[PDB]
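One chain comes next, on its own, written as structure tokens: the form deposited in one PDB entry.
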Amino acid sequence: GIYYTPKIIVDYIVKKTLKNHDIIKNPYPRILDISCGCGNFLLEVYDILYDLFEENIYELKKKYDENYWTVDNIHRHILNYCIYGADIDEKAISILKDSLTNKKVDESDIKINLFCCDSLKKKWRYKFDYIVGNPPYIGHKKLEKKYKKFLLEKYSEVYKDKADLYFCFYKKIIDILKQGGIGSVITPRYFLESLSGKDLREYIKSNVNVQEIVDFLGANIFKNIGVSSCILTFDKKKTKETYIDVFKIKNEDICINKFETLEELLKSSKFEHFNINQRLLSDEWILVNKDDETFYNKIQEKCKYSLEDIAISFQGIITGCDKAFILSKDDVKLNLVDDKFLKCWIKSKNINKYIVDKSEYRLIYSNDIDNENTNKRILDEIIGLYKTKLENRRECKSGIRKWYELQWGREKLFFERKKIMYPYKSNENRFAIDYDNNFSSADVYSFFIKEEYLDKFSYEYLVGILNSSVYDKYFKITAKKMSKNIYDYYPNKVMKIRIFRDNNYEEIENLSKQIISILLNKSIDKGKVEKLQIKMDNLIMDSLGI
């Protein structure tokens, strides 16, 4: 329930917000953490504030009440007017109160601005100069549905559909930041590209100036946590600048403690830096260097079609309980199942470039079982072994599905045809032509070509360009980075891939047919396939003028 932010990142975020504060002009800064926990950020804020006041104590004494501004009074002043925290966990608040009280070694009742509450519901009675911290991340499966009602009603500007709780914390932080204030947080990176983050990105862009984005990509910032992180720093300062510093990591294998500070890491060869004009951000944030932007714009301008224009996309089967319906093709229980009910079944690891592995699994398409008396053996001995769990699926509880039916069986005829399949998460482009009427779960996506576009594009040509090094780089420019060496390959981005057709079409298609032919024979030569791929990459680069 409580996650420990690495100290190097905590110090960086606090320094980012407070390093240029003019304590003489404003000796009453309000610094807030609305998910403060045990005080990872607030205790560091205390240290930064204490040095800031002590360094200028005589200037404050001369300018202001000379009896109020003494070194002995800094501790009381910081806790009365400067440090604010909120968290739902009262045990964490109690520990943090002890820590803040123990910074100075009662006199009279020092009051500490710590609130045990839901930060998304609190009536915040003033705004803040500086806001730092690490909000909770809770996705759509793990968030309580009753709470989702409240979020959908009151945070609809950033929270719909499959959005995340931390979207709302971005909203709350922005709303209670003072004019001219600065905020700096570490959150998941996914909202930068994800479809769910579209409204949140619009909210950030139009309400704050984004100073800086640190993107750690798939690096493991939180030990033993499967999440990918970024640091955002933003302000509400009236400026004409509108330019963002982007620091994007180059090696995801780095360990965060290479230097004493994060700034040393950011300036090093481990990161690349570039600038993005916030005014030029569309609903998508394309955060790339000038070389990649030129590369991306060339391809976009050259291609007159998208996959969406020419193809029909669909997600795979969702049985709702795979162990009930998926069997090994050598399982003796398949003797009980008439072959009309059986489909070939593949996983994402079975998709290679250009062709699919031979399937080892079979799907019982139980939707075609008419009733429980004709095929009782299949229900009693195979599917019924998981009947309790099958009955807890949403559509079974509501009576839409029989307990033995697939939850989302889709349309059989979409799968039983020539089509292209690709894994939903992969390190690289792997688009394959399926010749074997393979079915799959939602870890594999499929598309087929519209009939009116068959004379312009063939499957062989499509897998040729889509598997090229050019298109691998092109897709990853805007793709959603999930974890180390993993991108989402989902239709909401895959179908936006733009394609071209020019004088090189026939030779690209012929090279693709050679590759497929080699990949499908027995005494397979790996090597010549690579040479043919290099030749095709040259044709594609020639076509797109790169």
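For every residue, the number given is its place in the sequence shown, counted from 1.
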Original post:
Relative to the other PDB entries of this protein in the set, is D106 coordinate-less in at least a third?
Top reply: yes
Subject >> Interresidue gap class [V105, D106; deposited sequence, unmodelled] >> reply: 4 to 9
Original post:
Higher mean Cα B-factor in the deposited model: 350-358 or 263-271?
Top reply: 263-271
Original post:
Of 434-442 and 329-337, which one has the bigger average CA B-factor?
Top reply: 329-337
**OP:** Could you say which of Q211, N467, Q315, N220 has its CA atom at the highest B factor, as listed in the PDB entry?
**Re:** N220
**OP:** Select one of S483, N492, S512, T70: the residue whose C-alpha shows the highest B-factor in the crystal structure entry.
**Re:** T70
Original post:
Ranked by Cα temperature factor within the chain, is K91 in the lowest third, the middle third or the highest third?
Top reply: highest
**OP:** Taking the values exactly as deposited, rank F169 by C-alpha B-factor within its chain and report the matching third: lowest, middle or highest.
**Re:** lowest
Original post:
Which third of the chain holds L532 when residues are ordered by C-alpha B factor: lowest, middle or highest?
Top reply: lowest
Subject >> Cα B factor band for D245 (lowest, middle or highest third within the chain) >> reply: lowest
Subject >> Lowest, middle or highest third - CA B-factor, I524 >> reply: highest
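Keep in mind that the form deposited in another entry is missing from the display, and what follows is about it.
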Original post:
One rigid part pivots relative to another between the shown form and the other one; at which of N492, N289, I176, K419 is the hinge?
Top reply: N289
